[PDB]
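K.L.:
Got a structure here, written out as structure tokens. Questions coming.
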Protein chains: 4
Amino acid sequence: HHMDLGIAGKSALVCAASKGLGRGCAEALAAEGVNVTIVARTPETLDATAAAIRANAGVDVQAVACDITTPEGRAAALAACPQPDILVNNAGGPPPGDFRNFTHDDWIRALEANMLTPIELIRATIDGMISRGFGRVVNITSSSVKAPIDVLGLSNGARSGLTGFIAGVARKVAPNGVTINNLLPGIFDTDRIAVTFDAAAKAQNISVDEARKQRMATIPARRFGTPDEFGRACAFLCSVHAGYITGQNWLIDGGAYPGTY
Amino acid sequence: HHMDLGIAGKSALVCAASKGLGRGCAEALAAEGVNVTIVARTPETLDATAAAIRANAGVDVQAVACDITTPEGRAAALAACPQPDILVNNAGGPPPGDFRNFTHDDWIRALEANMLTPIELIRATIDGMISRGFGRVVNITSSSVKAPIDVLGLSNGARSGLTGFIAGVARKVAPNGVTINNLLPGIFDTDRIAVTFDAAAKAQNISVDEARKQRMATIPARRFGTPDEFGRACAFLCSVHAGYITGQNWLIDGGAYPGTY
Amino acid sequence: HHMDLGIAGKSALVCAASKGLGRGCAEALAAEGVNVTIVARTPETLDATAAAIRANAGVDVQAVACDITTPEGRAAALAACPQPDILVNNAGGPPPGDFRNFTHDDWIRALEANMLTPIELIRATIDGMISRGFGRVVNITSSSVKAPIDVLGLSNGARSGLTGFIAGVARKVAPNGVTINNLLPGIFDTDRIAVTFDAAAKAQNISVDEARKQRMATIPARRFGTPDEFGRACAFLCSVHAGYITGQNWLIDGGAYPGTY
Amino acid sequence: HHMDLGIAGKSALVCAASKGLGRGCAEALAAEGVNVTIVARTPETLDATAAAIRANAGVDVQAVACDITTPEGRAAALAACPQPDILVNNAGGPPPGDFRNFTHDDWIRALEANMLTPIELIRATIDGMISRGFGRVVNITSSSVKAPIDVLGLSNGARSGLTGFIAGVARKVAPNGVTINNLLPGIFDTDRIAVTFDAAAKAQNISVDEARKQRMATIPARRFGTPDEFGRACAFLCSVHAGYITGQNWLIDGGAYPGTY
Ligand SMILES: NC(=O)c1ccc[n+]([C@@H]2O[C@H](COP(=O)([O-])OP(=O)(O)OC[C@H]3O[C@@H](n4cnc5c(N)ncnc54)[C@H](OP(=O)(O)O)[C@@H]3O)[C@@H](O)[C@H]2O)c1
Ligand SMILES: NC(=O)c1ccc[n+]([C@@H]2O[C@H](COP(=O)([O-])OP(=O)(O)OC[C@H]3O[C@@H](n4cnc5c(N)ncnc54)[C@H](OP(=O)(O)O)[C@@H]3O)[C@@H](O)[C@H]2O)c1
Ligand SMILES: NC(=O)c1ccc[n+]([C@@H]2O[C@H](COP(=O)([O-])OP(=O)(O)OC[C@H]3O[C@@H](n4cnc5c(N)ncnc54)[C@H](OP(=O)(O)O)[C@@H]3O)[C@@H](O)[C@H]2O)c1
Ligand SMILES: NC(=O)c1ccc[n+]([C@@H]2O[C@H](COP(=O)([O-])OP(=O)(O)OC[C@H]3O[C@@H](n4cnc5c(N)ncnc54)[C@H](OP(=O)(O)O)[C@@H]3O)[C@@H](O)[C@H]2O)c1
């Protein structure tokens, strides 16, 4: 038994996807027959992930080595995948800090990476989607837009800016068979959080395993998220069964956010 | 290809499901190998839907003819399906009117059908789900909990009451592999909205098609929702790939609700 | 200086107001020249509060000793104050417990007290406000409608039901110079709370002062709310300066709720 | 009667305040005895409004002619008012347009004016507020953060970015007697909307008065907001009676936004 998402043979541009949540989305789309173009900066891991997906899924896989948060990187991605049916927006997130230490340049860099980059990729791909009467955009954001994360003010700001803009464009382009939705991760078991736990353990004189355990104990689901399950939610949003879902912020966080809505 | 939801052979109790959104949920779950018990008041339609799901899905189908908004009906449903892995809560919705004409009996009827009935079925099934380390509850509610519907004050109130309570229990039971989420329909093309469009077309002296087209033009997606796609979202929430999603209100409305969140 | 709220000589019906937040609202309204009818069950305390407001504010004060959560109590309150310009809805809160121990009648009782009671008082007073082109309704609810409180499922449900219904009525009656808003307290230093901390101190063999300080340490403002400041926010909503505020949920909680919105 | 806000003799920096909502905030604070420093680019209207507030309120009024969205302008404002107790953040909003015509520079300018400028003024004033154990920051934003405005994508984005960041800093600084809240205008009767209706009428073959009338008819309160009542709400947030309100988004829109929350 398995659910046909109806997107085999379509094309997807999956940003920041040699590892982690982006990789999970690329894998899940390829599993459903989507030809995927994956983007990341470092060739070694990018080429390896592209080869793995090729050998596991049997779809066409393209790899673009670029910084997606530059105009030149966006142009390189679109040169490889010029008319995507499906766009998964993603890029590395901003550094932590106390708000009094954020510089103007820190703000601009976070806004470029996690707000203006997704917006520009939508701008560059939306006309083709509209012309074909089908389109799916999924933006990987953060629980930070629902409840601010203490040390991640740059995310609290930049990703909330993206989300507020997305609300408008989602409803504007909805008449044309295009949906635009955001996937908001709680804590997911990737290399990104291992850096955070490594520093937290060393500061607290406990093991990383113990620090991870203590964090899990505060999550209602009592675990971290997996890149696999994140990618499956992405694939569902990109399917022919989610065409009546647009402008939505899907929080995938094990219940950690306490708000009713 | 096709995505394996991992719930073949599980049991679901699907309330108010001979027609409409409930039937869509039952069929989508049966398509993934779930043995479904479906509940409705009218035996003829209920038996015909049960027979159709048997013929199409090949799963075990039980049909319980009862009023799910009564304790005798809830007991009869649970007697047939006493340890469901999956509970889909649903019942008929309240009648329209101006708030100054709502009677006390009106309020109790709406609160019983669309708040206390789902709560009682959760109370009666949660301990078995917890003991097995797996459970899925999906409550069919309404866009009325995000933005009040003019003439449906009884829904605006009763379903918001359910949602506020669900927020707490979803997080309370999450440590045990149980998730509880709400699916909020916008306008879906069922028999319930045909009653509204027939009375509109006849009153205004226009065709039903014209009356429906006027409403569609106000929806960003420019169509109504289908019971099939509603059921597919339900099936995803009930899957092994949605275990990190709980306490969430999933609005499926073609972008009609204008709020950013 | 001092801000003239423009409501001197108007009439207010203030429910559940011999003590606590309700008394704070009655005193703040009376300080602005509003003639207040205050309602509580216990005559001794009610009369003492009524006499203190008379002495300090110099307005007309009526005391009605009744149970506002019954139809007979509402009839008595409205007989004494049949055409209020201002209605402050309030009642005792529901008891704590685990949802598996809520009886069906526990739910009915909480729904009657904290949802249907304020709805019926609005229905009985809204026509007069509309006919005069001025009206203010303020409903005392709870932070429980923004984030569920663990042991207060009955509040999480009933007050959320009220709130969803209020959303519709507020926008329905806004053309007639009537506003309807909700005031959502976080933890406020009333007798209800003082009893709770007496139990915590005794259970832990610590002083009441230490038990209270333990809770304050988790609140961003690092204190509890005062009934006075709650009443002042109520009075501002009831003023001629808040006529463009309706359907709003004002959370007054020292930042304790972590959600962005 | 009249309510004492307890802020006579305190100092406020009120940005973008020779006209409109900013002027309304400055006048309301001055009316409660606050010494106000008002900032605007054009000297003619700035000096006239400063003279009016001096004559009306008898407080100290400083006028700074500068563009508050530049570092040099922020520095000039702070030179005049180096240790404000109260900061009202405000600046001119972004131009309208279709999202496909927004340039990278359009985005940066909107982000600078309506997100990074308020953030930098908070960073420059928060230390002193904390050191005195009292502070009030009110950010004038927009209903666009609750529901996107069709042609104002630059606002939908930039002001949502501010709001997501403010959520974190409000809770961070709350232990020190500082509150940070946002005031979200719906449509207010200022010079800003005259330009909007001047274009809306010129294209619709109706008068600006007719276009205004038709827009009013869609607002539940059936009118536009006044700068006076907006300023009064600002003054209440800045008072000693609002110290338990922080991190809140106060929507002042006559009920036009349809969302329950
Ligand atoms: N993990 C969580 O708990 C969590 C939760 C919420 C939000 N997030 C956010 O979700 C996003 C993905 O996080 P993750 O945990 O999946 O991180 P991850 O495991 O480190 O994966 C990041 C991936 O993106 C690529 N990448 C990063 N910046 C890029 C850029 N500018 N251009 C192109 N490729 C880029 C990386 O490869 P290269 O380094 O070779 O480019 C890698 O393939 C981040 O924005 C993160 O802040 C994460
Ligand atoms: N359609 C929409 O646009 C929409 C949107 C939001 C919310 N909703 C809500 O979603 C729910 C389902 O609506 P729908 O459009 O699917 O309606 P529908 O097409 O009329 O189907 C309702 C189903 O529920 C059954 N049912 C009704 N009352 C029952 C009861 N007391 N006990 C057992 N079964 C009962 C009906 O069969 P019997 O009559 O034989 O019992 C039928 O099988 C309602 O609460 C509705 O208000 C609908
Ligand atoms: N304090 C908080 O932290 C907090 C926070 C959120 C919500 N709330 C809610 O706010 C409401 C007021 O709480 P509070 O802290 O102000 O309580 P409080 O200090 O105990 O005052 C309650 C007042 O209401 C009266 N009352 C209670 N039940 C009544 C009834 N059936 N009919 C008429 N009068 C009635 C009481 O007098 P009699 O006993 O003589 O009738 C008393 O005057 C409650 O619903 C509470 O749950 C409180
Ligand atoms: N009116 C509404 O319906 C409405 C609703 C929601 C949001 N808003 C937003 O609220 C803000 C205020 O709007 P409003 O209606 O009050 O406008 P307004 O009547 O045109 O007043 C704007 C004031 O700000 C000053 N100003 C503008 N940009 C400035 C800058 N960079 N530096 C310093 N002073 C500056 C202007 O004077 P100078 O030109 O001489 O500098 C003037 O004193 C805007 O961001 C607007 O988009 C307005």
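Chain labels run A, B, ... following the order of the structure tokens; each chain numbers its residues from 1, and ligands are numbered from 1 in the order shown.
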Name the residues, by chain letter and number, that sit within 7 Å of ligand 1 using only C-alpha atoms and all ligand atoms, and give them as a PyMOL selection string.
P.N.:
chain A and resi 15-23+39-43+45-46+66-69+90-94+113+140-143+184-193
K.L.:
Mind checking which residues fall within 8 Å of region 228-236 of chain B, counting only C-alpha atoms, ignoring those fewer than 4 positions away in the same chain, and posting them as a list in words?
P.N.:
residues 236, 241, 242 and 244 of chain A; 5, 21, 22, 23, 24, 25, 26, 27, 28, 29, 32, 138, 183, 185, 241, 242 and 252 of chain B
K.L.:
Between B:203, B:215, B:4, B:170, which has the minimum distance to residue 31 (chain A) (counting only C-alpha atoms)?
P.N.:
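The closest residue to residue 31 (chain A) is B:4.
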K.L.:
List the neighbours of region 122-136 of chain D out to 7 Å using only C-alpha atoms; skip same-chain residues closer than 4 positions along the sequence, and give me the result as a PyMOL selection string.
P.N.:
(chain A and resi 100) or (chain D and resi 83-87+118+176-180+238)
K.L.:
Define the interface residues of chain B facing chain A as those within 6 Å, counting only C-alpha atoms, and report them as a ChimeraX atom specification.
P.N.:
/B:1-4,32,167,171,174-175,220-222,229,241,244-246,252-255,260
K.L.:
Keeping N, CA, C and O atoms for every residue in the selection just given, could you write it to a file as a PDB file, in the first residue's frame?
P.N.:
```pdb
ATOM      1  N   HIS B   1       5.563   7.164  -8.520  1.00  0.00           N
ATOM      2  CA  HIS B   1       5.667   6.074  -7.556  1.00  0.00           C
ATOM      3  C   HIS B   1       4.516   6.115  -6.560  1.00  0.00           C
ATOM      4  O   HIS B   1       3.368   6.348  -6.942  1.00  0.00           O
ATOM      5  N   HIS B   2       4.827   5.896  -5.281  1.00  0.00           N
ATOM      6  CA  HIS B   2       3.799   5.879  -4.248  1.00  0.00           C
ATOM      7  C   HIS B   2       4.458   5.825  -2.872  1.00  0.00           C
ATOM      8  O   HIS B   2       5.438   5.100  -2.677  1.00  0.00           O
ATOM      9  N   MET B   3       3.905   6.590  -1.926  1.00  0.00           N
ATOM     10  CA  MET B   3       4.469   6.763  -0.588  1.00  0.00           C
ATOM     11  C   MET B   3       3.748   5.850   0.399  1.00  0.00           C
ATOM     12  O   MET B   3       2.524   5.938   0.548  1.00  0.00           O
ATOM     13  N   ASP B   4       4.506   4.996   1.089  1.00  0.00           N
ATOM     14  CA  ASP B   4       3.930   4.016   2.014  1.00  0.00           C
ATOM     15  C   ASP B   4       3.667   4.690   3.357  1.00  0.00           C
ATOM     16  O   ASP B   4       4.608   5.043   4.077  1.00  0.00           O
ATOM     17  N   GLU B  32      -5.006   2.950   2.012  1.00  0.00           N
ATOM     18  CA  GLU B  32      -3.697   2.645   2.569  1.00  0.00           C
ATOM     19  C   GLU B  32      -3.716   1.394   3.441  1.00  0.00           C
ATOM     20  O   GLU B  32      -2.779   1.166   4.212  1.00  0.00           O
ATOM     21  N   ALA B 167      -5.793  21.543  22.069  1.00  0.00           N
ATOM     22  CA  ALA B 167      -4.434  22.063  22.221  1.00  0.00           C
ATOM     23  C   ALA B 167      -3.741  21.461  23.436  1.00  0.00           C
ATOM     24  O   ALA B 167      -2.553  21.105  23.380  1.00  0.00           O
ATOM     25  N   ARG B 171      -0.737  17.911  23.516  1.00  0.00           N
ATOM     26  CA  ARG B 171       0.613  17.970  24.053  1.00  0.00           C
ATOM     27  C   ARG B 171       0.787  17.044  25.251  1.00  0.00           C
ATOM     28  O   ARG B 171       1.880  16.502  25.456  1.00  0.00           O
ATOM     29  N   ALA B 174       1.360  13.413  23.779  1.00  0.00           N
ATOM     30  CA  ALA B 174       2.420  13.242  22.792  1.00  0.00           C
ATOM     31  C   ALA B 174       3.589  12.360  23.235  1.00  0.00           C
ATOM     32  O   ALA B 174       4.224  11.758  22.351  1.00  0.00           O
ATOM     33  N   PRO B 175       3.960  12.264  24.519  1.00  0.00           N
ATOM     34  CA  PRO B 175       5.092  11.394  24.876  1.00  0.00           C
ATOM     35  C   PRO B 175       4.871   9.929  24.541  1.00  0.00           C
ATOM     36  O   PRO B 175       5.844   9.159  24.550  1.00  0.00           O
ATOM     37  N   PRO B 220      -9.264  32.377  -3.525  1.00  0.00           N
ATOM     38  CA  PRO B 220      -8.020  32.493  -4.306  1.00  0.00           C
ATOM     39  C   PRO B 220      -7.762  31.303  -5.226  1.00  0.00           C
ATOM     40  O   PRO B 220      -7.393  31.509  -6.388  1.00  0.00           O
ATOM     41  N   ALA B 221      -8.000  30.072  -4.771  1.00  0.00           N
ATOM     42  CA  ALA B 221      -7.827  28.908  -5.640  1.00  0.00           C
ATOM     43  C   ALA B 221      -8.885  28.805  -6.741  1.00  0.00           C
ATOM     44  O   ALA B 221      -8.711  28.002  -7.668  1.00  0.00           O
ATOM     45  N   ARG B 222      -9.987  29.560  -6.644  1.00  0.00           N
ATOM     46  CA  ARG B 222     -11.016  29.636  -7.682  1.00  0.00           C
ATOM     47  C   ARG B 222     -11.744  28.310  -7.891  1.00  0.00           C
ATOM     48  O   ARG B 222     -12.255  28.034  -8.986  1.00  0.00           O
ATOM     49  N   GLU B 229      -9.369  15.016  -1.710  1.00  0.00           N
ATOM     50  CA  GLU B 229      -8.119  15.619  -1.256  1.00  0.00           C
ATOM     51  C   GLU B 229      -8.156  15.881   0.236  1.00  0.00           C
ATOM     52  O   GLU B 229      -7.117  15.811   0.910  1.00  0.00           O
ATOM     53  N   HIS B 241       4.565   8.914   8.971  1.00  0.00           N
ATOM     54  CA  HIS B 241       5.414  10.029   8.572  1.00  0.00           C
ATOM     55  C   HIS B 241       4.980  11.352   9.177  1.00  0.00           C
ATOM     56  O   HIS B 241       5.613  12.379   8.905  1.00  0.00           O
ATOM     57  N   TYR B 244       5.706  13.581  14.117  1.00  0.00           N
ATOM     58  CA  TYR B 244       6.228  14.789  14.743  1.00  0.00           C
ATOM     59  C   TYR B 244       5.287  15.967  14.554  1.00  0.00           C
ATOM     60  O   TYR B 244       5.677  17.112  14.794  1.00  0.00           O
ATOM     61  N   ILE B 245       4.053  15.710  14.135  1.00  0.00           N
ATOM     62  CA  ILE B 245       3.051  16.745  13.942  1.00  0.00           C
ATOM     63  C   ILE B 245       1.958  16.500  14.971  1.00  0.00           C
ATOM     64  O   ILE B 245       1.263  15.482  14.904  1.00  0.00           O
ATOM     65  N   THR B 246       1.816  17.397  15.947  1.00  0.00           N
ATOM     66  CA  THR B 246       0.709  17.250  16.880  1.00  0.00           C
ATOM     67  C   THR B 246       0.278  18.611  17.404  1.00  0.00           C
ATOM     68  O   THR B 246       1.068  19.564  17.435  1.00  0.00           O
ATOM     69  N   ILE B 252      -7.414  23.904   5.160  1.00  0.00           N
ATOM     70  CA  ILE B 252      -7.418  23.436   3.777  1.00  0.00           C
ATOM     71  C   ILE B 252      -8.536  24.213   3.100  1.00  0.00           C
ATOM     72  O   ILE B 252      -9.705  23.816   3.151  1.00  0.00           O
ATOM     73  N   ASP B 253      -8.186  25.362   2.495  1.00  0.00           N
ATOM     74  CA  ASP B 253      -9.246  26.286   2.104  1.00  0.00           C
ATOM     75  C   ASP B 253      -8.937  27.074   0.838  1.00  0.00           C
ATOM     76  O   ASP B 253      -9.612  28.079   0.584  1.00  0.00           O
ATOM     77  N   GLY B 254      -7.958  26.657   0.036  1.00  0.00           N
ATOM     78  CA  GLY B 254      -7.673  27.378  -1.191  1.00  0.00           C
ATOM     79  C   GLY B 254      -7.230  28.806  -0.983  1.00  0.00           C
ATOM     80  O   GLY B 254      -7.359  29.632  -1.895  1.00  0.00           O
ATOM     81  N   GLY B 255      -6.708  29.124   0.199  1.00  0.00           N
ATOM     82  CA  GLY B 255      -6.241  30.465   0.492  1.00  0.00           C
ATOM     83  C   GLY B 255      -7.308  31.456   0.904  1.00  0.00           C
ATOM     84  O   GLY B 255      -7.003  32.648   1.018  1.00  0.00           O
ATOM     85  N   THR B 260      -2.189  35.826   7.798  1.00  0.00           N
ATOM     86  CA  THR B 260      -0.845  35.311   7.559  1.00  0.00           C
ATOM     87  C   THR B 260      -0.617  33.986   8.273  1.00  0.00           C
ATOM     88  O   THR B 260       0.018  33.079   7.726  1.00  0.00           O
TER      89      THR B 260
END
```
K.L.:
Per DSSP on the backbone, what are the strand (DSSP E or B) residues of region 63-176 of chain B, as a list in words?
P.N.:
residues 63, 64, 65, 86, 87, 88, 89, 97, 135, 136, 137, 138, 139, 140 and 152 of chain B
K.L.:
Could you save those same residues with N, CA and C atoms as a compact mmCIF listing (two decimals), in the first residue's frame?
P.N.:
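In the end it all went to part_10.txt:
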```txt
# COMPACT_ATOMS: atom_id res chain seq x y z
N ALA B 63 -19.79 -1.22 9.48
CA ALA B 63 -20.74 -0.12 9.40
C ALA B 63 -21.59 -0.13 10.66
N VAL B 64 -21.57 0.96 11.41
CA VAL B 64 -22.39 1.10 12.61
C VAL B 64 -23.38 2.23 12.37
N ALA B 65 -24.67 1.89 12.30
CA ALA B 65 -25.72 2.89 12.14
C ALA B 65 -26.11 3.41 13.51
N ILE B 86 -6.70 4.72 15.10
CA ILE B 86 -6.98 5.97 14.42
C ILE B 86 -8.43 6.35 14.71
N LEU B 87 -8.64 7.59 15.12
CA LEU B 87 -9.98 8.13 15.36
C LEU B 87 -10.15 9.39 14.53
N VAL B 88 -11.15 9.40 13.66
CA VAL B 88 -11.51 10.60 12.90
C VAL B 88 -12.83 11.11 13.46
N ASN B 89 -12.78 12.27 14.13
CA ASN B 89 -13.96 12.84 14.76
C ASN B 89 -14.71 13.74 13.78
N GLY B 97 -27.92 31.06 11.63
CA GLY B 97 -28.87 32.03 12.15
C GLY B 97 -28.15 33.24 12.70
N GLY B 135 -0.95 6.27 18.22
CA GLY B 135 -2.33 6.68 18.05
C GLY B 135 -2.43 7.91 17.18
N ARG B 136 -3.55 8.05 16.47
CA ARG B 136 -3.79 9.20 15.61
C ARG B 136 -5.23 9.63 15.82
N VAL B 137 -5.43 10.89 16.20
CA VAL B 137 -6.76 11.49 16.27
C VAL B 137 -6.77 12.67 15.31
N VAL B 138 -7.77 12.73 14.45
CA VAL B 138 -7.96 13.86 13.54
C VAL B 138 -9.38 14.35 13.74
N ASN B 139 -9.53 15.62 14.10
CA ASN B 139 -10.85 16.21 14.31
C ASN B 139 -11.19 17.08 13.11
N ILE B 140 -12.29 16.77 12.45
CA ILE B 140 -12.78 17.61 11.36
C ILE B 140 -13.49 18.80 12.00
N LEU B 152 -22.84 31.47 11.08
CA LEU B 152 -22.59 30.21 11.76
C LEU B 152 -21.97 30.42 13.14
```
K.L.:
Determine which residues of region 3-239 of chain D DSSP labels as alpha helix (DSSP H) from the backbone of this structure, then write them out as a PyMOL selection string.
P.N.:
chain D and resi 20-31+43-57+71-80+104-111+117-132+153-173+191-204+208-216+227-237
